[PDB]
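First structure 1, then structure 2: two forms of the same chain, each alone, as structure tokens.
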Structure 1
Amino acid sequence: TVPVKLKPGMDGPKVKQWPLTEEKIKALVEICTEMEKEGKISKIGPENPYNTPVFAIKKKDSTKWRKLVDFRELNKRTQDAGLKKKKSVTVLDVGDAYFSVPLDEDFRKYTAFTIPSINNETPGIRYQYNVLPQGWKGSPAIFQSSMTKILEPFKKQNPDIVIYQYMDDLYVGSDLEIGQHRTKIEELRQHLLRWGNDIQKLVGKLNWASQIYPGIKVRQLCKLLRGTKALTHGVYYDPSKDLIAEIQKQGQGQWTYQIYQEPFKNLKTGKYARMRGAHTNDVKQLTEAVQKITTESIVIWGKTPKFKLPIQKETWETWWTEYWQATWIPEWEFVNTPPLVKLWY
């Protein structure tokens, strides 16, 4: 369990820290100062060359700021249909019991982060973890391997279905779509805090011929075109490849997403619409869409997709942290090219 190492060939994260707000910096300071006295993190110096970005989020409970570390390179560099119950399989979070298992001493130097300061009045204050953090891909494995002794007391005489997840939120699988809001969370209450043109457009849409489904003609469709007229299922996901997610903005706060493994072979397709509300806050809808697709890839497949967001880089980097309310931070590129061909999807 404890003995963990890095995928052979690379060194460790060296990501810089983006600026933050006082409402976030103060929360991070009050969280780090409190954690230091519990022996969860420890101050370090510049002699550690590693760095991962940090920030804080207000979870939906809206009672306290939770800390978040952009532990993405530390997962990309680390080596090592059961939920058909109901539909939107749902659960809370499991990240506060993670502190009961210490990090390996040889490993702690990689999980280093920096706390910035307003107006840059003081050089950044660096810390490194001492217990298993939240957001590292191995941490659920090291924790589960020894703590599965508690993944049975909640069962007792309860078959239920499957469960599991990826980062920290151990999702459940209760088929019961009733109950007192699933009041059966008694052992889950334990061992968590106490360790333990019409023709033109239509032929355009027929360019989606052999691309998606091989074997089409699209010739009698263009019989009334190309001249001089007045313009007046069965998907295959190999569990070694990465699911890819594509998002397109279609106006009026309507977004379309398609999860595909290979190009033009989509395993999932959907449309997320929020109409007005966020209204001008489009970045809040996209960010919500991202927390909508991702968990879906978790419930049915298991791994987060790589998102080709239709947003600009700077806008996303500036505003994505404010609306984020998820422990995972998926990976994403940015589509700098009109995915608006000719009224498709």
Structure 2
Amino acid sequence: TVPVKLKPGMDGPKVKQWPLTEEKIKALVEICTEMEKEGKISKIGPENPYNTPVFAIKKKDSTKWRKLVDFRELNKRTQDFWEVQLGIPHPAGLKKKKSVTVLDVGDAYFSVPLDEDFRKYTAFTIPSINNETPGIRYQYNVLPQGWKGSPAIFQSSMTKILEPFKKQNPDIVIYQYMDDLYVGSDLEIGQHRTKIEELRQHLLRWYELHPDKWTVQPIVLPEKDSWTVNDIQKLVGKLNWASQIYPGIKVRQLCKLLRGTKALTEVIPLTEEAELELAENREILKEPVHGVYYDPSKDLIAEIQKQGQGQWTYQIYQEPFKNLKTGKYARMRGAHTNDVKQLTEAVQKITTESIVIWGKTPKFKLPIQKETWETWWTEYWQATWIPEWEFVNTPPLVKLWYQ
């Protein structure tokens, strides 16, 4: 076992357990009974002062319940990613690969014991329906799924397992994040599935992405044959906001067209100087912003905005007005009236993209009330990881500027 340690000056997770539905509680009770039967977890008392929330999910097109532990506080602690070699330096070819498949390999973590002095930090409490009994406390004896230290500790065995596969197939890029293997190949989709089956059989004896289609979302000015005072005002506001992202944006002529109190419906013809300025600003907006580089030291911030009609926009950035990525997640409605489900799916997709591109989950600024999210997000969550998030309580300044 690896002597895991907490970060200096840190205590340990003390997060309360949120209430769970009856089906989730029954699934958790059955799963934890089975796990305790084989020694993966052990019952503990209240003298352990630590706790992390637990719940259950159902995977995509899967009828089996999977236990999920919210180890976010423990992951914010636990500097173990240096003492044991962290996940290998993020491959830059995964983002450029054609087909990427995500495989769940967290079960292997249950085969390696956890350091005893750290086990007390993995404590969790199963609640009871109607508080019939006090919550049942367990702690992990093996490497837990969802903990940042589990892949770091298991990396040696993971590389040993994957070496017969990586040498045979040197054109395939395999990345590991949390309990997931992101395996990417440029082969045909049928050959990709066949190779995935071979890798699965390799793991047994020992969900496909397409990053090539991930397109940025540029800010585009509207095109009109007749511009009203309201239209020019909206365009000037949009350009004034974009001037913080694209230095060199000029609005002098357009703002000169907005002097003197006039009706918003009044049609004002565009001068030649204003027309040229608009064309130059449009072509400036066409080219992507240059001067933005991913800093591995700093954290990723993902902002999400609701645009209506089942559309959401998102920006992943490390510094304000300096976007590493901009995108749009569209559910095209289609019998989808659930805003919370759409936001949860968008968060999962953005997190998967961030893991593929930079190897890090971003910190989300969710456009939702906190209580709604904490009430409903676990009902639609399918991923085995949980990103950090905060909730915006003010209407976005961007509004429609990201469209």
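Definition used throughout: the rigid core is the maximal C-alpha set that superposes within 1.5 Å between two forms. When a residue number appears, read it as a position in the sequence of structure 1, where counting begins at 1.
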{"item": "Sole member of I244, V94, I142, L188 with a C-alpha shift of at least 2 Å between the two structures (core-superposed)", "value": "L188"}
{"item": "Core-aligned CA displacement of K223 at least 2 Å between the two structures", "value": "no"}
{"item": "Large Cα move at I311 between the two structures, threshold 2 Å, rigid core", "value": "no"}
{"item": "Shift of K292 between the two structures at or above 2 Å (CA, core fit)", "value": "no"}
{"item": "Displacement in Å of the C-alpha of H279 between the two structures, rigid core kept as reference", "value": "2.7"}
{"item": "Per-residue C-alpha deviation between the two structures [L340; rigid core superposition; Å]", "value": "5.1"}
{"item": "Cα shift between the two structures at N207, which is computed once both forms share a superposed rigid core (Å)", "value": "1.3"}
